[PDB]
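Those sequence lines, one after another, are chains A and B.
The first sequence runs 4 to 22, 24 to 92, 94 to 132, 141 to 558 under the deposited numbering.
The second sequence runs 5 to 217, 231 to 355, 364 to 428 under the deposited numbering.
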Amino acid sequence: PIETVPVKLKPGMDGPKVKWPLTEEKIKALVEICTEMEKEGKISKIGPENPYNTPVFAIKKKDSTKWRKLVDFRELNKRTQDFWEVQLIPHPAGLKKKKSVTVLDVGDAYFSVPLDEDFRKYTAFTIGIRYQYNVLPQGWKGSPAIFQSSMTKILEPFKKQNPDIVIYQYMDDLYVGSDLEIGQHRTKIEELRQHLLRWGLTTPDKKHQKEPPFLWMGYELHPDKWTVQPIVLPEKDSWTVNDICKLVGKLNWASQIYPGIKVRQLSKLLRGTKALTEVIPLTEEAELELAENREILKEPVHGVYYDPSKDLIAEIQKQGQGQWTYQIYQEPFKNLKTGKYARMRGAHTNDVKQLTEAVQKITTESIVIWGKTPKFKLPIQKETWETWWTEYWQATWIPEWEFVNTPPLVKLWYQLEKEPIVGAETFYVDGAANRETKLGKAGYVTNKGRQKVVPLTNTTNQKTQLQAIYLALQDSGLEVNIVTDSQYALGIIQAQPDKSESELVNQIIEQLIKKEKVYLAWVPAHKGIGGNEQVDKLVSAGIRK
Amino acid sequence: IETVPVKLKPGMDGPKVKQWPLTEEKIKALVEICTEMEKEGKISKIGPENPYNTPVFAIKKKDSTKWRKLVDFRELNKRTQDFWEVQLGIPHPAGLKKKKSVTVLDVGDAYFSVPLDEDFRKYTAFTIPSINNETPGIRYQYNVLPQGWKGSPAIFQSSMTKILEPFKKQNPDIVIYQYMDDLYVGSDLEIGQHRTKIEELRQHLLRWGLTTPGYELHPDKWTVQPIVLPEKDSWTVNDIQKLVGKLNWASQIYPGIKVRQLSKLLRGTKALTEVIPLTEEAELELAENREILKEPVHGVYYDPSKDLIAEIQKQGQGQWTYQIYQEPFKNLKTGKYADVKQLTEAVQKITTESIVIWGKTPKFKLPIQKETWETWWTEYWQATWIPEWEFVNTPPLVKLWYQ
RNA sequence: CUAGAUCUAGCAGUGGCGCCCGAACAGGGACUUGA
Numbered sequence: 004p005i006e007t008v009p010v011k012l013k014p015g016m017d018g019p020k021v022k024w025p026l027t028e029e030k031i032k033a034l035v036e037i038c039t040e041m042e043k044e045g046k047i048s049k050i051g052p053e054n055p056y057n058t059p060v061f062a063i064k065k066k067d068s069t070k071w072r073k074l075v076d077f078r079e080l081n082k083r084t085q086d087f088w089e090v091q092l094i095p096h097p098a099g100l101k102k103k104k105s106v107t108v109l110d111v112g113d114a115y116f117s118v119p120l121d122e123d124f125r126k127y128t129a130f131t132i141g142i143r144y145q146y147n148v149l150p151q152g153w154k155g156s157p158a159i160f161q162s163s164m165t166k167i168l169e170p171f172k173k174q175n176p177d178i179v180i181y182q183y184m185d186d187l188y189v190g191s192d193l194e195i196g197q198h199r200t201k202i203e204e205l206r207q208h209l210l211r212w213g214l215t216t217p218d219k220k221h222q223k224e225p226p227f228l229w230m231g232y233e234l235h236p237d238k239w240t241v242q243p244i245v246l247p248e249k250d251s252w253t254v255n256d257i258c259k260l261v262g263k264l265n266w267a268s269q270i271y272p273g274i275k276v277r278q279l280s281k282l283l284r285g286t287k288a289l290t291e292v293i294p295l296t297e298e299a300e301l302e303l304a305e306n307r308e309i310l311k312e313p314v315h316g317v318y319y320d321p322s323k324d325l326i327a328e329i330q331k332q333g334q335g336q337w338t339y340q341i342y343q344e345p346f347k348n349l350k351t352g353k354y355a356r357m358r359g360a361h362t363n364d365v366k367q368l369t370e371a372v373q374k375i376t377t378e379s380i381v382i383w384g385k386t387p388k389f390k391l392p393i394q395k396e397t398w399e400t401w402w403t404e405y406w407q408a409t410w411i412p413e414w415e416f417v418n419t420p421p422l423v424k425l426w427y428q429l430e431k432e433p434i435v436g437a438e439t440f441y442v443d444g445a446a447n448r449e450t451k452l453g454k455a456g457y458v459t460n461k462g463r464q465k466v467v468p469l470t471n472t473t474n475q476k477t478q479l480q481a482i483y484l485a486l487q488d489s490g491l492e493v494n495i496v497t498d499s500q501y502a503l504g505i506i507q508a509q510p511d512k513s514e515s516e517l518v519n520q521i522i523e524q525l526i527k528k529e530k531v532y533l534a535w536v537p538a539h540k541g542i543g544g545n546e547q548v549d550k551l552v553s554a555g556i557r558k
Numbered sequence: 005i006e007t008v009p010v011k012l013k014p015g016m017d018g019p020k021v022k023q024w025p026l027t028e029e030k031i032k033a034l035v036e037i038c039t040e041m042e043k044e045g046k047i048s049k050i051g052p053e054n055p056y057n058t059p060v061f062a063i064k065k066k067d068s069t070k071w072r073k074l075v076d077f078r079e080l081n082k083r084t085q086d087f088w089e090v091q092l093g094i095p096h097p098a099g100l101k102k103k104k105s106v107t108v109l110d111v112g113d114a115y116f117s118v119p120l121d122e123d124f125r126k127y128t129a130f131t132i133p134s135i136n137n138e139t140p141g142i143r144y145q146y147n148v149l150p151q152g153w154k155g156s157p158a159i160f161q162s163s164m165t166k167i168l169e170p171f172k173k174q175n176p177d178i179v180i181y182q183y184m185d186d187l188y189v190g191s192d193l194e195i196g197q198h199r200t201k202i203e204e205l206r207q208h209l210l211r212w213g214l215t216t217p231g232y233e234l235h236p237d238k239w240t241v242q243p244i245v246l247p248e249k250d251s252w253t254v255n256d257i258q259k260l261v262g263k264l265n266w267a268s269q270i271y272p273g274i275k276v277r278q279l280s281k282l283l284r285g286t287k288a289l290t291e292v293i294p295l296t297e298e299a300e301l302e303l304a305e306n307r308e309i310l311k312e313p314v315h316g317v318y319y320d321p322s323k324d325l326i327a328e329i330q331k332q333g334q335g336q337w338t339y340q341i342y343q344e345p346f347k348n349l350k351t352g353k354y355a364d365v366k367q368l369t370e371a372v373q374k375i376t377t378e379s380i381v382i383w384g385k386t387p388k389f390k391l392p393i394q395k396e397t398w399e400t401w402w403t404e405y406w407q408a409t410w411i412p413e414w415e416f417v418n419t420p421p422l423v424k425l426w427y428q
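Okay, structure coming up:
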């Protein structure tokens, strides 16, 4: 029939030889399936010479009928030579608007492909009696790859005969359809059924063809719309870690169509908690979070299918705390799908960097789904973005975009001047501690002798200098020109982070935003540069040695 | 035909790199060109028999609007270096860089006129991607000398020598270099005469039926950028601290550096907005540092066996910088250039510089995210070879190198 | 081959949420030796 692809083994290896215990009620069960597979013409039985072993492990799955058969290749998968993996899944929004849609399922398709005789020796199906699988077995590493390759190379001629028809294949489902009437649609469907039976496949005439909307791994495919499988949520008060993970997965899978989903406040509960039974209190924050999510999920919504002719637009609705959002619609209110981006690429970050990362991720998603980049409509002016990426140390470029006036907006609470100014004051500061006590100490200095020192508690040198500059700014005026001795403070300040994790830097920025202007510089130690060495010696009391 | 056999590093493993997403606008052209590429008998569809895979993409080069293709053999080259470094090696002349001007060429098309060892074709795996996972990638295999590789020319030099001899025999003053599919040339004469000789060389290559259908380059003008310092009279404590920090950061680079006379005025604490006129000792040290920095580095060399590194930063308004070094603090060249388009053009120029000077592709260090570049670098490419790369956070010390 | 109180059970391939280890770069701190 088809063209079987040879298969070899790893260098310097052979078949696995392993002796488990089975029950009795599952015996007649294995014999029945084995007989049906052998007499049908799929599996042979040659086990007199072949000294190999492939144990069995039956199990009762959902829709309890009985203990069905499986096969164990856990020890052979590693022995097998690594094969090529391709199918690493499509998205409903990545489809087209077709009228005549249909699906073509297949039963026992795996066993519909014989295997090379040179490798059938490695399938000793002991139980006795043996049955060597002459077709693609289950659990075998290269089973799905060979399956899809065979399917593609066998459907190639049909593709060449009907290029105007679309075929979005899958492991076993064959999504097909066009914008034609039902008549020649069913005619071509019968032609495809015949072309498939040419190779020995199965397709009935009363399957789930007019039965849809389909069920596609938790999706609902309608003629001119689509949506995820009908999702629900509990209505209790207590929450366990298991239930937390379950509902988080559910809401993250459903957020792709439902805009306005927050999982930050609800994901923070996992910090530290790792047991499988510890209960946690739903902080008022997460409480209102889940309440709003439920209220939003109280109404149904469906998507649409992308049209290659028309373009696609994007948009973003910021809400604070890094819980960004975005949608994609070709027309007003016709949101194709949505997503979410709240990752923390380092606690120290700002709003513009998060926006850049989000738009980059959206562009990548659109490229891998639709194959291009859409026009973005962001809540930010051109001059501010320009000044930012021009005064930065990277190249943050984005495609064509525009501004949208829909609060909340994006802006910079403060800026940084590249040149000191008169009327200000200088504060030579520094902060360190020891590796054992960590009771650091730091203060500030001025030209009029106005200095003051305060100690620290259990903090590293970095945090020590951070608290030092904190104390220095708490008593300073509005404008100042400060100098430091480490790159940590300068790197954290120049980045203009409008949000972070450590409450320390949060208070830093809170106290700094009120300042009308501010200036910062850096000079290294071990050289005696002005007040640097002076304050270092002053704070050297019982800190170094 | 004698397809010499070759393999990867001893007991090594073939490349199995993934394939980043592509755009349909380019995938259409890729499929359209691969149709004829296969019709011509250059490749053949295959299956998952081999787990190897190589990244692929399209481009839109200058002087045309077609959508050419290429391959990324970075891992293959890193693993098969020894092959072309020992078996089939070539010398690296140095006088070519002193010429008045040169003109890069492209003879990659001529490589397809020679099949390759069948046992080695298994390492030439390249799979085109698919949009929305519609259909698995249509795998293929380069049955002939692929492009973007240095082993194909390493083995084809045998015939390239005779192919070139008739022309260089008549023009000994001209010098030619061959690094990859792109060909080079040495010209030290009139520019019009240079272009006439280039046309004559094209006709020469076309002689035997082996058809071979930026633009120019001027390396004589490239010189090491001397680190320049400010020259003024009013040196506030802010500028004084700035200069002290710059000199201290340069000390570890330039051994003969001193800040003694400049470290005296710092002993007097004061604001950053007051002016202070330095004494003669300060001016003496200033002049000494100026005389020291203006001189190039003395004690550096080039190792043809070690690796290469070349950092790159950004200042503003297209004021780009760049450096090259093998070990830390070992500078070999500097310069200037005056967003993704600018960076791509700059790396292209610096790679051409490294090729004409040292004849080797360095390992850049781009100050940008990974996804952004990996996605938006192919659209603005024009060459045919691809060097390595990596990413690093820029500290506030290299930016002080220049404005 | 492993888990639970000699008996019973325990399977793999894909997409997510949450944790641990190793490699490379950056910043910081100490032990030996010499000037």
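Think of the CB as a built atom: it goes at the ideal place given N, C-alpha and C, for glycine as much as any other residue.
*Would you kindly check if the distance between the Cβ of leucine 452 of chain A and the Cβ of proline 468 of chain A is under 7 Å?*
A contact, by the Cβ cut-off of 7 Å.
*Which first and last residues belong to the beta strand (DSSP E) in which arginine 143 of chain B is found?*
Residues 143-145.
*Tell me whether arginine 277 of chain B is buried or exposed, calling it buried when 16 or more other Cβ atoms sit within 10 Å of its Cβ.*
By the Cβ-count criterion, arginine 277 of chain B is exposed, with fewer than 16 other Cβ atoms from all chains shown falling within 10 Å of its own Cβ.
*Can you grab the Cα-Cα spacing for the pair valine 493 of chain A / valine 442 of chain A, in whole Å?*
Going by C-alpha positions, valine 493 of chain A is about 13 Å away from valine 442 of chain A.
*If we count Cβ pairs, one from each stretch, closer than 8 Å, do we get three or more for the region 508-516 of chain A versus the region 430-445 of chain A?*
The region 508-516 of chain A vs the region 430-445 of chain A: no contact.
_Taking DSSP's pairing of strands, which residues face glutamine 182 of chain B in a bridge?_
Answer is B/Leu187.
*Mind listing which residues of the region 110-126 of chain A have their C-beta closer than 7 Å to chain B's C-betas, in chain order?*
Residues of the region 110-126 of chain A that bring their beta carbon within less than 7 Å of a beta carbon in chain B are absent altogether.
*Output the distance between the C-alpha atoms of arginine 356 of chain A and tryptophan 401 of chain B, rounded to the nearest integer angstrom.*
Looking at the two C-alpha atoms, the distance is approximately 22 Å.
_Rounded straight-line distance, which links the Cα of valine 118 of chain B to that of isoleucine 159 of chain B_ = Taking the straight line joining both Cα atoms gives about 10 Å.
*Whole angstroms is fine: what's the gap from residue 358 of chain B's alpha carbon to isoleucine 270 of chain B's?*
Note on chain B: consecutive modelled numbers read 355 then 364, so residue 358 of chain B has no coordinates in the structure shown.
*Is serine 117 of chain A helix, strand or coil when you go by DSSP?*
The DSSP-derived three-state label of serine 117 of chain A is helix.
*asked:* Quick check on DSSP: helix, strand or coil for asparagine 348 of chain B?
replied: Three-state DSSP puts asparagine 348 of chain B in coil, outside helix and strand.
*Quick one: list the residues of chain A neighbouring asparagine 255 of chain B, beta-carbon separation under 8 Å, in chain order.*
Result: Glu432, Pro433, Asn494 and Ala534.
*Of all the options B/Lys30, B/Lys82 and B/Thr376, which has the alpha carbon lying nearest to the alpha carbon of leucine 234 of chain B?*
It is B/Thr376 whose Cα lies nearest to the Cα of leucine 234 of chain B.
*Going along the chain, which unbroken runs of the beta strand (DSSP E) with 3 or more residues stay wholly within the region 261-307 of chain B?*
Correct list: empty.
*Going by Cα to Cα distance, which pick from A/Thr473, A/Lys353, A/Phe87 and A/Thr362 is closest to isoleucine 556 of chain A?*
Answer by Cα proximity: A/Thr473.
*For the region 67-86 of chain A, which residues have a beta carbon sitting closer than 7 Å to at least one beta carbon of chain B?*
Listed in sequence order: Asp86.
_Under 9 Å by beta carbon: chain B residues contacting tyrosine 181 of chain A_ = Simply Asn136, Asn137, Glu138 and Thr139.
*Burial state of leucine 289 of chain B (16 or more Cβ within 10 Å)*: By the neighbour-count criterion, in which 16 or more other beta carbons inside 10 Å mark a residue as buried, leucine 289 of chain B falls on the buried side.
*Consider the Cβ of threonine 497 of chain A: report whether some Cβ of chain B lies at a distance smaller than 7 Å.*
Using a Cβ-Cβ cut-off of 7 Å, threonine 497 of chain A does not count as an interface residue toward chain B, since no Cβ of chain B sits closer than that to its own.
*Can you tell me where the beta strand (DSSP E) with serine 191 of chain A in it begins and where it stops?*
Boundaries of the beta strand (DSSP E) harbouring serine 191 of chain A: 188-191, taken from the DSSP string.
*Fully enclosed by the region 19-65 of chain B, which beta strand (DSSP E) runs are 3 residues long or longer?*
If we require 3 residues or more, the beta strand (DSSP E) runs fully inside the region 19-65 of chain B come out as 60-62.
*Do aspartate 123 of chain B and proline 9 of chain B have their CB atoms nearer than 7 Å?*
Yes, Cβ-Cβ distance for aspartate 123 of chain B and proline 9 of chain B is below 7 Å.
*Rounded to the nearest angstrom, how far is the Cβ of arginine 83 of chain A from that of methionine 164 of chain A, given a contact under 8 Å?*
In this structure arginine 83 of chain A does not touch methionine 164 of chain A by the C-beta definition: roughly 27 Å separates them, more than the 8 Å allowed.
*Going by other Cβ atoms of all chains shown within 10 Å of its Cβ, with 16 needed for buried, is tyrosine 127 of chain B buried or exposed?*
Buried, by the Cβ-count rule.
*Counting only runs that start and end within the region 364-399 of chain B, where is the beta strand (DSSP E) found for 3 or more residues in a row?*
Taking only runs of at least 3 residues, the beta strand (DSSP E) segments lying wholly in the region 364-399 of chain B are 388-390.
*Tell me, please, whether the CB atom of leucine 282 of chain B is closer than 7 Å to any CB atom in chain A?*
Chain A, which has no Cβ nearer than 7 Å to the Cβ of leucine 282 of chain B, makes this no.
*Considering only C-alpha positions, which residue in the set B/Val417, B/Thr386, B/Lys395 and B/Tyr427 is nearest to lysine 154 of chain B?*
Distances from the CA of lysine 154 of chain B to each of B/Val417, B/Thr386, B/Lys395 and B/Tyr427 were compared; the closest alpha carbon is that of B/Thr386.
*Which residues bound the beta strand (DSSP E) around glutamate 415 of chain A?*
Taken as a continuous stretch (DSSP letters only), the beta strand (DSSP E) holding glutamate 415 of chain A covers 414-416.
_Assigned secondary structure, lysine 476 of chain A (DSSP; H/G/I helix, E/B strand, else coil)_ = Annotated three-state conformation of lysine 476 of chain A is helix, per DSSP.
*When the cut-off is 7 Å and only beta carbons count, does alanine 327 of chain B lie next to chain A?*
Not one beta carbon of chain A lies nearer than 7 Å to the beta carbon of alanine 327 of chain B.
*Can you round the beta-carbon distance between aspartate 121 of chain A and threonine 39 of chain A to whole angstroms, since I take them to be within the 8 Å contact cut?*
The distance from the Cβ of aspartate 121 of chain A to that of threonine 39 of chain A is about 25 Å, inconsistent with a contact at the 8 Å cut-off.
*Members of the region 342-373 of chain A near chain B, C-beta cut-off 9 Å*: The residues in question are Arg358, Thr369, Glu370 and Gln373.
_Give me, in chain order, the residues of the same chain whose beta-carbon lies closer than 7 Å to that of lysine 64 of chain B; leave out the 5 immediate sequence neighbours on both sides._
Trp71, listed in sequence order.
*With a threshold of 16 other CB atoms inside 10 Å of the CB of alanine 437 of chain A, please say whether the residue is buried or exposed.*
Result: buried.
*Verify whether the separation of the beta carbon atoms of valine 372 of chain A and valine 458 of chain A is less than 7 Å.*
Taking 7 Å as the Cβ cut-off, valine 372 of chain A and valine 458 of chain A do not qualify as a contacting pair.
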